[PDB]
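Worksheet for the structure shown next.
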Amino acid sequence: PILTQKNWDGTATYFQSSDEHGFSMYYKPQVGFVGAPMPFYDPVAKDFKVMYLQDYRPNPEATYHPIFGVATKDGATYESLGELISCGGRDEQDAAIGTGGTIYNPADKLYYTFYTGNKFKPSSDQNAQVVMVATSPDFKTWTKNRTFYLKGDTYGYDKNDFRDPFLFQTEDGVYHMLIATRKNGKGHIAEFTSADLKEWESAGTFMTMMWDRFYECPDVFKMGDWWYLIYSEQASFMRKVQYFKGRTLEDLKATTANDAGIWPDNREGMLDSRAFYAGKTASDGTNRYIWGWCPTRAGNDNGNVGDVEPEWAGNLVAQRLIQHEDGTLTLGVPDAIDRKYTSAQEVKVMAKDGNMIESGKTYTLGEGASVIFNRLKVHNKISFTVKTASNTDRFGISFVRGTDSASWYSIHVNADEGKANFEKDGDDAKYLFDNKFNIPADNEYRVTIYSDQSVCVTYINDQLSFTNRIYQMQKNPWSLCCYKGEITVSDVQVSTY
Amino acid sequence: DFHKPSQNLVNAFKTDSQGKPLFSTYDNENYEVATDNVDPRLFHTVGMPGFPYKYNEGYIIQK
Amino acid sequence: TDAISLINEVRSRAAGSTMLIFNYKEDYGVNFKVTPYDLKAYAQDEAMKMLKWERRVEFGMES
Amino acid sequence: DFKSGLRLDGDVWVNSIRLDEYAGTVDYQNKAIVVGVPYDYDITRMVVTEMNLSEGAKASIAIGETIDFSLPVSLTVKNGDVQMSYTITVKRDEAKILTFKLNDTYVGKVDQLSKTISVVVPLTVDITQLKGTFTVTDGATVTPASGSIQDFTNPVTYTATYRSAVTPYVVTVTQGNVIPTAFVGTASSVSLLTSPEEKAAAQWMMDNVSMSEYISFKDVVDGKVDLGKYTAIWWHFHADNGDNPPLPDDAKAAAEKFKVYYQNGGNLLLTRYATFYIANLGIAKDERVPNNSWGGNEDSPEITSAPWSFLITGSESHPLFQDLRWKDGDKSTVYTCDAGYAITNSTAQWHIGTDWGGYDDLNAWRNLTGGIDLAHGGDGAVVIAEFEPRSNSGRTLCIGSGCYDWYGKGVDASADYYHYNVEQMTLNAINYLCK
Ligand SMILES: OC[C@H]1O[C@](CO)(OC[C@@]2(OC[C@H]3O[C@@](CO)(OC[C@H]4O[C@@](CO)(OC[C@H]5O[C@@](CO)(OC[C@H]6O[C@@](CO)(OC[C@H]7O[C@](O)(CO)[C@@H](O)[C@@H]7O)[C@@H](O)[C@@H]6O)[C@@H](O)[C@@H]5O)[C@@H](O)[C@@H]4O)[C@@H](O)[C@@H]3O)O[C@H](CO[C@]3(CO)O[C@H](CO[C@]4(CO)O[C@H](CO[C@]5(CO)O[C@H](CO[C@]6(CO)O[C@H](CO[C@]7(CO)O[C@H](CO[C@]8(CO)O[C@H](CO)[C@@H](O)[C@@H]8O)[C@@H](O)[C@@H]7O)[C@@H](O)[C@@H]6O)[C@@H](O)[C@@H]5O)[C@@H](O)[C@@H]4O)[C@@H](O)[C@@H]3O)[C@@H](O)[C@@H]2O)[C@@H](O)[C@@H]1O
Ligand SMILES: OC[C@H]1O[C@@](CO)(OC[C@H]2O[C@@](CO)(OC[C@H]3O[C@@](CO)(OC[C@H]4O[C@@](CO)(OC[C@H]5O[C@](O)(CO)[C@@H](O)[C@@H]5O)[C@@H](O)[C@@H]4O)[C@@H](O)[C@@H]3O)[C@@H](O)[C@@H]2O)[C@@H](O)[C@@H]1O
């Protein structure tokens, strides 16, 4: 049997691609999906051991969401350590395991993982969520402490809202646990102090939430000279990841103490759009990496974002935290991910629909003009530079773009609105969501898209990070378009591996 | 064991507090026996788990 | 109005059809709430949607 | 030549286990070990003493382990390459009476929190020769014989015994062919009370409603009175001034007993500012208080001649809106306290809008709150709401309109010919809840 190879390079016709069950760069196990990442830095192995919850499409009704461990060292390569902590019985309090934290004790050479057990169909007198602990001697085998049950209602907190234990050790030598719970109708991040991680004292309330919202997966850390609190908003209308800044821990606590609204920056602490959730950070001592999950779309439709809140779990995504001189935080591509792309692919124009002109590597586009490039591959890195006429232009990058493509999915960087918008173009012209960022004063944009199969992350001049789930984007042409202003694109480079 | 009804049909049988079918939000969430008003025709058409099979207390449908 | 009257007749039959599942209220906490449509002027599309829903909830599982 | 060498011949049976000093009974049909312990015994730090498995079997738990047995504990017994999963449950000795019948009335308000039973058998049947049957969970002996002729004029005392568990029960049966109805106040009695608005409301209730009683939050908390005895309970909480005022601490404490009573199936009529209490009771699906709330001091209430009215569109057939005195043939508009009269803007309703509240339209409000909007405020506001039972629970009638008033600075409030609608609506609601 002689195999036939189609002319992939030379055609711009839309092609029905498919996603493999496994992912390499943005990790996804061959079985199940990643949810709620729990990063951790191993002081012994000097690597990153990120755990998560193994979600499935047909989740069992009672017991589900086990914990699976993933070892990495750079954020690009990932190996799987298998199931670490298994879900309990139907009647056990830990039938479903929620997000947790991990901390190493040199005192007894033990890894302690504090997770949240969810009671299946809890009764009136039964706490819905209880914090539990599992100990490991070598991070491989885990034994759950059956004598530890940190009930939320013991300290006057809500029974049904007691989640996300985050553990951190300060310089004074005492470990602090933050729990995102509810008190008398108000969202409170409560602090528990310990000296041996076996007995805890509730040291009041660490912080209060902003405008009766809920914070998911709190993460307090220190980056040089500021204290940062990364959290995920549980509100259906927001469903995003924000952060708070503070020179000291006291200043961070005083931030939003009572409807203060001390936003860290002018974009209300935005980091990424709707396609990034449960962002939790870990540092190896030289760099800080945040892990989250890009959600999947029901029916494999990029425009089917879904009502209220999107689908749970998805692909593990790792980004690098960048701290500016003013204390603001921005997300950047990991160095290993950037350097993994080695081979370079020649790029050439496919379609000439607009009034654009070509002068070599430079393409000048007016309003209503667009240019279509050649096909992409499974893993793509598209880097280019766009100079706009002024600070009120609307250019855009469109994927799943073909000669006969009825609809394509676009990211429009609107300078007049000062943001970017992920929308669906074509016969539907549907608006999906957006993300605010800082507009450069020189009208210069350095656009770098890193795409693995169907998950793509766009970086704009180290100021905007935009995660997207775009199915069928691999092995399909991509295009640049302009709608209102005048743009000039250059240095277009496509790298694959 | 063929011809199983669908959760879409169960949600369609689910009704609102005024006795009218939910014309736009019936399928947003699965029918809840304890909180959602339900048309009585559902218990004659579909046998849900935890309920008698064909009005027989000795055969309770289980999941 | 006559079509709405017929739909209301079917809905009233459904509401009264609780001779074998009356104990479900005290046995499994099942809330039965179905009421006839109000007799008033209705647009053609609204009447068609209401009729489609009535057919769906009446002849479900009946092929 | 064909066998896989998995060594499947092992046995994984569990003969018996002993927790501290209490042996467990093992049922192999459901793989359930049950360990009985005294009622006062603490099971949060139990210790495994022995576990006699089969030959070569190995269990997940080891002898001498300290376990918290507040919830069922899963155990896996493995022999070679076969395994079996058991569940261990430690039950404290309990003896709870489930159902009680006075030979004629299966229904009866029974609450185990106070170990009380209230029955409404009519007085026509002779009290002396009343026999009482009961159903109990298991193995519990009740000192009065089941179905035994006893006199029920006095509160009858029952004792349930099950090994080390001994519990009392107080049973009272009483009515005078009229169902009792209660009014809840802030504290103390009607005479010694603040809030003249609530004082006048309670006084009118006693004057009009036959066989009406008054109970206080402290009384319901400390058990002087039982909520299950009354069927309908009326609350007319009204703060002197301010918006969305916090509920009293005594009310917050009694919220648990009130929720138990509502689950038992008592009817509630809540008016004025006693509408934030549905959030505590869990009546509304949204678990959220009404968004709109403003207050004004009763010392200097506003006086306006504008004919404030309700706009009932499809709820004219509701028994609440019956025998009303409409000004004109427009039955949809219900006038109340028109012309110059002391009216305080103490209303608390919902807003049908999509710009500050999550109530974009009536369908969204109905789906989220899980109630029926009987009346509208004329500006897309739900002023009167009805909450039907969820699971054998009670029915709630929430009135959050500013037309609902009983006392004001104006003398002879009844001399308006339109304020009588308030009394008529209250009587209709009371009758509808009493059924
Ligand atoms: O603390 C303090 C306080 O407060 C509270 C808190 O909590 O709370 C409360 C609240 O509320 C709110 C509100 O409410 C109200 C309203 O106004 O009120 C209420 C109250 O008040 C009262 C008292 O009295 O009243 C008042 C009211 O009411 C009334 C009625 O109803 O009144 C009445 C009157 O009348 C009288 C006389 O005079 O009486 C009457 C009488 O008469 C009768 O009728 C007869 O007789 C009767 O009735 C009587 O008698 C008197 O008396 C009275 O007075 C009305 O009128 C008035 O109004 C009452 O009612 C009550 O009590 C007020 O007050 C307020 O305001 O508050 C606060 C505030 O705050 C705020 C504001 O709002 O909120 C917020 C927060 O929150 C939240 C959550 O948390 O958030 C959010 C927002 O936020 C933000 C910023 O920051 O935003 C954003 C987001 O969001 C959103 C959503 O939607 O987004 C969006 C954006 O957009 C966009 C961008 O992104 O766009 C785009 C699109 O795309 C496109 C298109 O297509 O594409 C294309 C291309 O490119 C283009 O074109 C474009 O682009 C997209 O993408 C998107 O969408 C926006 O829109 C929005 O926003 C973020 O960032 C953030 O988050 C929201 O939503 C929520 O809520 C903040 O902000 C602010 O500040 C709050 O908080 C609350 O809620 C307490 O607790 C304390 O104490
Ligand atoms: O299993 C049913 C169906 O829903 C999911 C959604 O995740 O599972 C629900 C199940 O997941 C748990 C632990 O297994 O929490 C999920 C973990 O992820 C976090 C973010 O770090 O929560 C995000 C997730 O939580 C949601 C929906 O579950 O809201 C939480 C829910 O919990 C209440 O307390 C209910 O009383 C409310 O506060 C709120 O409605 C939603 O906002 C987000 O999508 C962590 O918080 C958590 O560790 C359990 O909390 C939950 O029961 C899917 O797996 C599955 O398809």
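Have a look at D:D93, D:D81, D:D42 and point out the one that is out of contact with any strand residue (DSSP E or B) (no Cβ under 9 Å at 6 or more places or on another chain) and away from chain A (no Cβ under 14 Å). Outline the logic, then answer.
Working: D:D93 fails: out of contact with any strand residue (DSSP E or B) (no Cβ under 9 Å at 6 or more places or on another chain); D:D42 fails: away from chain A (no Cβ under 14 Å).
Sole residue among the options that is out of contact with any strand residue (DSSP E or B) (no Cβ under 9 Å at 6 or more places or on another chain) and away from chain A (no Cβ under 14 Å): D:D81.
Might you let me know whether region A:376-397 holds any residue that is touching a helix residue (DSSP H, G or I) at 6+ places or on another chain (Cβ under 9 Å), in a strand (DSSP E or B) and under 27 Å from A:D335 (Cα atoms)?
Looking for residues that are touching a helix residue (DSSP H, G or I) at 6+ places or on another chain (Cβ under 9 Å), in a strand (DSSP E or B) and under 27 Å from A:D335 (Cα atoms), one finds at least one in region A:376-397, hence yes.
Being surrounded by fewer than 19 Cβ atoms within 10 Å (Cβ to Cβ) and at the interface with chain C (Cβ under 9 Å from one of its Cβ atoms) is the filter here; which residues of region B:22-40 pass it?
B:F23, B:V33, B:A34, B:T35
If I filter region C:47-62 down to residues being assigned to a helix (DSSP H, G or I) and facing chain B (nearest Cβ under 9 Å), which single residue comes out as farthest from B:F51 (Cα to Cα)?
Step by step, filter region C:47-62, then rank; the result is C:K49.
Which ones in region A:146-196 are outside any strand (DSSP E or B) and among the hydrophobic types (A, V, I, L, M, F, W, C)?
Within region A:146-196, the subset outside any strand (DSSP E or B) is A:146-149, A:152-161, A:170-174, A:184-185, A:195-196.
Result: A:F148, A:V174, A:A195.
Taking helices (runs of 4 or more DSSP H) that fall entirely within region D:206-292, which contain at least 3 residues that are in contact with a strand residue (DSSP E or B) (Cβ under 7 Å, 6 or more places away or on another chain) and either away from chain B (no Cβ under 14 Å) or within 16 Å of ligand 2 (Cβ to nearest atom) (or both)?
D:249-264
Go through the residues of region A:197-206 one by one and say whether even a single one is part of a strand (DSSP E or B), among the basic types (K, R) and away from ligand 2 (no atom under 16 Å from the Cβ).
No - not one qualifying residue is present in region A:197-206.
With the checklist (1) crowded, with 22+ Cβ neighbours inside 10 Å; (2) more than 16 Å from ligand 2 (Cβ to nearest atom); (3) farther than 30 Å from A:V492 by Cα in hand, flag the one item A:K280 doesn't pass.
For A:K280, the failing item is (2).
Starting from residues that are within 16 Å of A:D91 (Cβ to Cβ) and among the hydrophobic types (A, V, I, L, M, F, W, C), keep the ones in region D:62-73 and report whichever is surrounded by the most Cβ atoms within 10 Å (Cβ to Cβ).
Of everything passing the filter in region D:62-73, D:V73 is surrounded by the most Cβ atoms within 10 Å (Cβ to Cβ).
Specify which of the listed residues (A:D212, A:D251, A:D259) is within 13 Å of ligand 2 (Cβ to nearest atom) and over 20 Å from A:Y149 (Cα atoms).
Exactly one residue qualifies, and that residue is A:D212.
Please determine whether any residue of region A:203-210 is within 14 Å of ligand 1 (Cβ to nearest atom), within 14 Å of another protein chain (Cβ to nearest Cβ), closer than 20 Å to A:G279 by Cβ and surrounded by 14 or more Cβ atoms within 10 Å (Cβ to Cβ). First the steps, then the outcome.
Of the residues in region A:203-210, the ones within 14 Å of ligand 1 (Cβ to nearest atom) are A:208-210.
Next cut, within 14 Å of another protein chain (Cβ to nearest Cβ) only: none.
Scanning region A:203-210, I find no residue that is within 14 Å of ligand 1 (Cβ to nearest atom), within 14 Å of another protein chain (Cβ to nearest Cβ), closer than 20 Å to A:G279 by Cβ and surrounded by 14 or more Cβ atoms within 10 Å (Cβ to Cβ), so the answer is no.
For region A:36-142, give me every one of the strands (runs of 3 or more DSSP E) that falls completely inside it and has 2 or more residues that are of a type outside the set (S, T, N, Q), within 14 Å of chain D (Cβ to nearest Cβ) and within 16 Å of ligand 2 (Cβ to nearest atom).
Counting at least 2 such residues, we get A:129-136.
Anything in region C:16-36 that is within 7 Å of chain B (Cβ to nearest Cβ) and either assigned to a loop (DSSP other than H, G, I, E, B) or among the small types (G, A, S) (or both)? List them, or say none. Reasoning before the result, please.
Residues of region C:16-36 that are within 7 Å of chain B (Cβ to nearest Cβ), as a first pass: C:17-18, C:20-21, C:24, C:28-35.
Scanning region C:16-36 gives C:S17, C:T18, C:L20, C:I21, C:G29, C:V30, C:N31, C:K33, C:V34, C:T35.
Does at least one position in region D:367-384 carry a residue that is free of Cβ contacts under 8 Å to residues at least 40 places away in the same chain, surrounded by fewer than 17 Cβ atoms within 10 Å (Cβ to Cβ), under 23 Å from B:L22 (Cβ atoms) and among the charged types (D, E, K, R)?
For region D:367-384, residues free of Cβ contacts under 8 Å to residues at least 40 places away in the same chain, surrounded by fewer than 17 Cβ atoms within 10 Å (Cβ to Cβ), under 23 Å from B:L22 (Cβ atoms) and among the charged types (D, E, K, R): absent.
Within region B:19-47, how many residues turn out to be farther than 21 Å from A:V308 by Cα, part of a loop (DSSP other than H, G, I, E, B) and out of contact with any helix residue (DSSP H, G or I) (no Cβ under 7 Å at 6 or more places or on another chain)?
5
Which of the residues belonging to region A:156-174 are farther than 16 Å from A:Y115 by Cβ, of a type outside the set (D, E) and crowded, with 18+ Cβ neighbours inside 10 Å?
Of everything in region A:156-174, those that are farther than 16 Å from A:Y115 by Cβ, of a type outside the set (D, E) and crowded, with 18+ Cβ neighbours inside 10 Å turn out to be A:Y157, A:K159.
With ideal geometry, Cβ positions are generated from the backbone for all residues, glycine too; neighbour counts draw on all protein chains shown. No lab work stands behind these numbers, since they all come straight from the coordinates.
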